[PDB]
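Just so we're on the same page: letters track the sequence lines, and every chain starts at 1.
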Amino acid sequence: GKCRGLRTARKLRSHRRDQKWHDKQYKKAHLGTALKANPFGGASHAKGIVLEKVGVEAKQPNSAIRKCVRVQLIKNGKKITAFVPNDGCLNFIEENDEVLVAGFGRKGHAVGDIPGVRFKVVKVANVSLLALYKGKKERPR
Amino acid sequence: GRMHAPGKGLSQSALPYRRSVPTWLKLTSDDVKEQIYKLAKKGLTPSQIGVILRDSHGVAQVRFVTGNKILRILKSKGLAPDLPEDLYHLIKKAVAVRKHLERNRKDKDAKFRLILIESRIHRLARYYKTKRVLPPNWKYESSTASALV
Amino acid sequence: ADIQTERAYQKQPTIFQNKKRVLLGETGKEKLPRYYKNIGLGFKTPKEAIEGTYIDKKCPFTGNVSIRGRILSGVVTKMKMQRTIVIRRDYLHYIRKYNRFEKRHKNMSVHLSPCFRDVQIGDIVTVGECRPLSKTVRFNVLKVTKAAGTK
Amino acid sequence: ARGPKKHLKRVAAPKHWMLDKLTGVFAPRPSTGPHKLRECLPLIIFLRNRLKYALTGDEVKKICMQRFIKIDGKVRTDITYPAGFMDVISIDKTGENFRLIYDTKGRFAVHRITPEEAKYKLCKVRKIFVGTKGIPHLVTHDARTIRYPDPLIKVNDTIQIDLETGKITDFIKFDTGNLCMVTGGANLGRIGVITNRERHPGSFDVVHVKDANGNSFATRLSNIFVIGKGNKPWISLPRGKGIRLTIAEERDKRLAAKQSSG
Amino acid sequence: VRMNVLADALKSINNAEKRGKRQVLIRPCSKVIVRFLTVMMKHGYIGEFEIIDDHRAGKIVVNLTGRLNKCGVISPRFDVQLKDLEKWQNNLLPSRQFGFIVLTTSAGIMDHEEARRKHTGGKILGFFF
RNA sequence: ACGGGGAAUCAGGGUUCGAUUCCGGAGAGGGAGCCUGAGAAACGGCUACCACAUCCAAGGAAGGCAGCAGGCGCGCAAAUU
RNA sequence: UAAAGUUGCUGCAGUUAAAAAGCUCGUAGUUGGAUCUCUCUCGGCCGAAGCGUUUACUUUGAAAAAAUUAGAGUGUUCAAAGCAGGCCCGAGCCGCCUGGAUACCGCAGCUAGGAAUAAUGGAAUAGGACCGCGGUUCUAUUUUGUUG
Ligand SMILES: [Mg+2]
Ligand SMILES: [Mg+2]
Ligand SMILES: [Mg+2]
Ligand SMILES: [Mg+2]
Ligand SMILES: [Mg+2]
Ligand SMILES: [Mg+2]
Ligand SMILES: [Mg+2]
Ligand SMILES: [Mg+2]
Ligand SMILES: [Mg+2]
Ligand SMILES: [Mg+2]
Ligand SMILES: [Mg+2]
Ligand SMILES: [Mg+2]
Ligand SMILES: [Mg+2]
Ligand SMILES: [Mg+2]
Ligand SMILES: [Mg+2]
Ligand SMILES: [Mg+2]
Ligand SMILES: [Mg+2]
Ligand SMILES: [Mg+2]
Ligand SMILES: [Mg+2]
Ligand SMILES: [Mg+2]
Ligand SMILES: [Mg+2]
Ligand SMILES: [Mg+2]
Ligand SMILES: [Mg+2]
Ligand SMILES: [Mg+2]
Ligand SMILES: [Mg+2]
Ligand SMILES: [Mg+2]
Ligand SMILES: [Mg+2]
Ligand SMILES: [Mg+2]
Ligand SMILES: [Mg+2]
Ligand SMILES: [Mg+2]
Ligand SMILES: [Mg+2]
Ligand SMILES: [Mg+2]
Ligand SMILES: [Mg+2]
Ligand SMILES: [Mg+2]
Ligand SMILES: [Mg+2]
Ligand SMILES: [Mg+2]
Ligand SMILES: [Mg+2]
Ligand SMILES: [Mg+2]
């Protein structure tokens with residue numbers, strides 16, 4: 001069992017400090033490898049340049065073609081696959097455009113049928129996708 | 001349980017509640033002390049002296065009769081060994097095991113038992129150093145052990 | 001003779017030992033008057049300091065030091081430097097979270113005056129604070145009490 | 001810093017000045033003088049906040065430059081002059097005299113005194129030393145140095161000084177049974193009789209005081225100022241005689257006063 | 001080896017209480033055990049007990065009344081200030097209408113309420129309810 | 001990772017934060033050396049090297065916004081010359 | 001951050017769901033069986049001096065920046081705030097009354113009582129306590145009205 005002596009504070013504290021490293025989330029947050037590997041580098045959003053448009057096949061048992069864009073970030077130059085979520089919003093994005101990209105909602109984990117996609121497009125050409133979808137603002141042009 | 005064995009025996013002695021000398025015992029304190037001195041001069045450890053007194057002279061407990069223990073009586077008289085009897089027996093047993101082991105190199109059990117005996121010797125030596133019975137430089141060494149006892 | 005071991009002459013600065021006198025008083029005894037002082041706080045001057053002949057400018061009784069500050073205690077652990085020893089102070093540090101304690105220790109280099117002799121490893125020493133005598137020494141030995149095993 | 005500091009933040013000012021937070025960023029830093037920065041009351045604070053004579057700092061300067069205010073009988077034009085315990089402030093234009101005495105709350109009080117009383121003050125002996133040619137010198141709590149004092153006067157005693165000539169008239173010895181006021185700590189502003197003194201060599205001494213009502217407390221030796229011999233003070237006391245009330249009895253007194261008002 | 005005697009005595013008493021026994025034999029004896037039993041008996045939880053005196057550490061025979069739900073010991077003996085007593089009361093006692101925490105103070109061995117009356121702290125030994 | 005006074009969440013324990021108006025420390029692009037003065041190794045003082053950089057009649061002269069506004073750049077990210 | 005008693009000191013698990021070292025010895029660390037109910041002298045009952053074998057613990061007391069938090073008072077029209085305000089006027093033409101509390105501030109360091117619990121201490125080769133009595137050596141002050 002555990003030691004219950006009156007002078008065992010050092011042992012208890014040292015053991016807890018050493019056994020906190022077997023927690024997945026504590027080690028992920030305090031090790032530094034995840035932060036280094038994160039393309040955003042800890043930011044909530046990022047800006048990138050749309051390299052191209054791609055279609056990702058939805059994982060089984062669902063069957064569909066999810067429209068995504070390959071983009072390259074401006075601050076570090078990494079390449080990222082982002083999702084354009086709406087019905088027909090892929091026609092609002094042109095190549096070589098500048099887009100704002102945020103996370104998908106699961107802190108770096110893939111969401112839904114889309115395999116290996118953890119980012120989504122928020123604004124394209126400095127206007128929000130919601131405004132374009134609802135017809136409140138037009139593309140600058 | 002045992003210090004170096006899994007056994008958990010219960011065999012021991014139970015002294016009677018009464019501390020008074022029995023009426024039939026005719027011996028006085030001085031006579032018992034003289035018997036103790038004669039036995040010690042004969043070359044007997046205090047344990048053997050107590051065994052002899054119990055078996056032959058009807059002396060159930062010397063501390064009840066003379067008011068003192070055998071070792072303290074010997075120390076007061078001056079007929080006391082330099083090192084305690086239990087440590088002497090442990091060192092003698094270690095010497096015997098080591099003498100056996102040198103002619104039998106493949107007896108791993110003897111090596112295990114020798115390690116246990118030497119651990120007990122170290123424990124007892126440290127305890128006796130704490131009580132200043134031994135000088136704070138006395139050391140048990142295998143070579144010196146034969147001359148020690 | 002035995003005192004004079006350095007390249008410079010070892011003298012007590014506040015004692016004038018060249019006072020001339022008649023030839024009758026020279027024959028009697030060449031006994032220099034000793035300089036000593038009471039350090040206060042109830043500590044008594046060891047007889048070896050008053051009757052001794054050693055020279056030590058850092059001695060609390062016959063030297064030019066002042067005892068003011070904290071009075072602490074320790075156990076003698078090492079005696080290998082010249083006129084200075086190393087003592088150890090043990091204590092317990094409290095950890096609020098676990099409601100328990102942990103054992104901790106500190107080491108102090110303190111100055112030992114020649115008046116204190118027969119000091120062994122493992123006896124209790126009461127030291128007092130003074131001005132920095134060296135890089136690491138800030139305390140001076142005031143009292144020495146023997147261990148429990150004294151005969 | 002590379003040298004002396006010349007400003008004082010308003011929130012970092014002593015709390016017995018009772019300054020408000022939203023008036024400004026700075027507070028009047030007291031000038032160097034007889035009293036410590038943390039234990040004095042600047043002239044401007046007493047002149048505009050306590051007495052309401054001036055509304056701004058400019059009006060305090062306009063009053064001071066007319067040479068109307070006197071501290072210990074001498075005209076001071078400095079508006080940040082450090083005025084401290086047992087000091088006399090005279091305004092001849094309005095014919096008013098005040099003495100700076102702590103109240104039971106530990107704040108300097110507006111205590112008016114008779115012009116006859118305004119001619120002397122009490123001082124605490126801080127140092128006794130013999131100077132050149134074997135002349136004794138006595139140093140008080142307010143930086144006054146007096147030559148040739150009475151041989152019986154020692155430290156921690158009280159001397160009465162005539163402000164006109166600056167000479168000792170008489171003195172009170174520090175003995176049990178005398179009247180004392182606490183000038184610092186948690187018991188600041190309390191008045192009582194000394195009961196006993198505890199001596200700790202190499203450390204601070206502790207003195208026990210008991211007030212008129214029988215409440216007992218203790219302080220350090222440096223926080224005690226002997227006011228009078230026995231139960232009779234040598235100065236006039238403020239509205240409160242130095243007895244500190246508890247919160248419950250302060251509430252009771254306030255409610256009784258409200259009930260009798262109207 | 002046996003390192004706490006009060007713990008063994010309290011465990012024996014609790015086990016015998018669960019089984020519906022009328023008397024309990026606890027050995028070895030100790031004056032701390034006697035004080036704890038006296039504190040329990042003053043509140044009517046156990047009843048009269050007798051100390052059998054052999055020439056080595058003694059034994060105790062305790063009568064049971066069936067009113068004891070739980071008696072236990074706290075190890076290690078934690079220092080308890082008078083302002084931290086309510087937390088121990090909340091953690092260890094079942095309700096605020098019954099139950100007692102046993103403390104050893106400089107005045108003696110008593111319950112938490114008697115220590116509140118005498119305005120003193122100490123070290124926690126155990127509890128019973 | 002500037003440190004505390006403190007902040008968020010919290011049955012009782014506890015976890016996380018504190019560049020930021022108060023108190024201490026350090027720095028003035030990076031180092032180093034000084035004059036004056038009670039007090040500075042000061043930079044809205046000086047003298048050099050290192051990196052940038054302004055005018056020039058090519059001989060020379062003059063630099064330090066992590067002070068208030070303001071400008072470029074950087075970025076998801078922050079105001080009136 | 002809580003939810004997470006999924007980092008468990010309070011307060012988690014280790015036969016089969018993840019898990020106890022192949023076995024033994026052993027230093028450091030942690031833990032450890034019962035027992036034991038103020039003082040002479042010198043000065044004015046108290047004052048000085050030694051206390052306590054010492055601690056740990058608990059209860060006091062002193063010193064402990066403001067601001068924030070908790071909290072008392074106060075109709076910022078309420079509130080978040082602030083430290084302000086109230087009363088009679090025949091007008092006080094010397095205007096009157098009153099606040100600007102208190103609580104907390106860990107650890108370490110000071111202070112005074114408690115004596116349970118937990119450490120440590122004494123007289124065993126008696127060169128151990130207490131009351132006395134002779135022998136020897138080394139220095140200081142006072143009295144022989146002063147001075148050697
Ligand atoms: Mg995983
Ligand atoms: Mg599924
Ligand atoms: Mg489907
Ligand atoms: Mg074992
Ligand atoms: Mg057997
Ligand atoms: Mg806790
Ligand atoms: Mg500055
Ligand atoms: Mg000023
Ligand atoms: Mg930090
Ligand atoms: Mg940094
Ligand atoms: Mg909480
Ligand atoms: Mg909770
Ligand atoms: Mg901060
Ligand atoms: Mg900070
Ligand atoms: Mg930073
Ligand atoms: Mg600087
Ligand atoms: Mg700069
Ligand atoms: Mg810059
Ligand atoms: Mg530069
Ligand atoms: Mg100057
Ligand atoms: Mg510079
Ligand atoms: Mg500048
Ligand atoms: Mg500057
Ligand atoms: Mg700017
Ligand atoms: Mg500019
Ligand atoms: Mg913003
Ligand atoms: Mg911008
Ligand atoms: Mg959490
Ligand atoms: Mg919970
Ligand atoms: Mg988890
Ligand atoms: Mg619980
Ligand atoms: Mg689990
Ligand atoms: Mg398994
Ligand atoms: Mg196994
Ligand atoms: Mg061990
Ligand atoms: Mg025990
Ligand atoms: Mg503070
Ligand atoms: Mg505060």
**Asked** Between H122(B) and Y140(B), what is the ring plane arrangement, given parallel below 30°, perpendicular above 60°, and tilted in between?
**Response**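 Geometry flag for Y140(B) against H122(B): perpendicular rings.
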
- request: Mind telling me whether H16(D) and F108(D) have parallel, tilted or perpendicular rings, with 30° and 60° as the class edges?
  value: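 Rings of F108(D) and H16(D): perpendicular, over 60°.
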
**Message:** Nearest 0.5 Å, please: how far is CD in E114(E) from CG in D111(E)?
**Reply:**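 These two atoms lie 5.0 Å from each other.
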
Counting primed atoms, P, OP1 and OP2 as sugar-phosphate and everything else as base, the B/S/- map of nucleotides 77-104 of chain G against protein heavy atoms under 4.0 Å is -----SS--------------S-BB---

From the list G33(G), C9(G), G26(G), which nucleotide is the closest neighbour of the side chain of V5(E)?
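Of all the options, the side chain of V5(E) is nearest to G33(G).
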
- Message: So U16(G) and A62(G), Watson-Crick or G-U wobble pair with both distances under 3.5 Å, or not?
- Response: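 WC or G-U pairing between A62(G) and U16(G): no.
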
Taking the same atom, [atom1], in [N] and in [M], what whole-Å distance lies between them?
N       : M      : atom1 : result
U117(G) : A70(G) : P     : 45 Å
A58(F)  : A42(F) : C1'   : 36 Å
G60(F)  : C72(F) : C1'   : 31 Å

* **For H55(E), all residues meeting ring pair (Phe, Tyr, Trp, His ring centres under 6.0 Å), sequence neighbours excluded** =>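 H55(E) satisfies ring pair (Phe, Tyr, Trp, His ring centres under 6.0 Å) with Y17(B) once adjacent residues are dropped.
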
- Item | Contact under 4.0 Å: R2(D) side-chain N or O vs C43(F) OP1/OP2 |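 Yes, because at least one side-chain N or O of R2(D) sits under 4.0 Å from OP1 or OP2 of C43(F).
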
TODO: Kindly say if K2(A) contacts the phosphate of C9(G), meaning a side-chain N or O under 4.0 Å from OP1 or OP2.
DONE: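 So the side chain of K2(A) is within the cut-off, an N or O lying under 4.0 Å from OP1 or OP2 of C9(G).
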
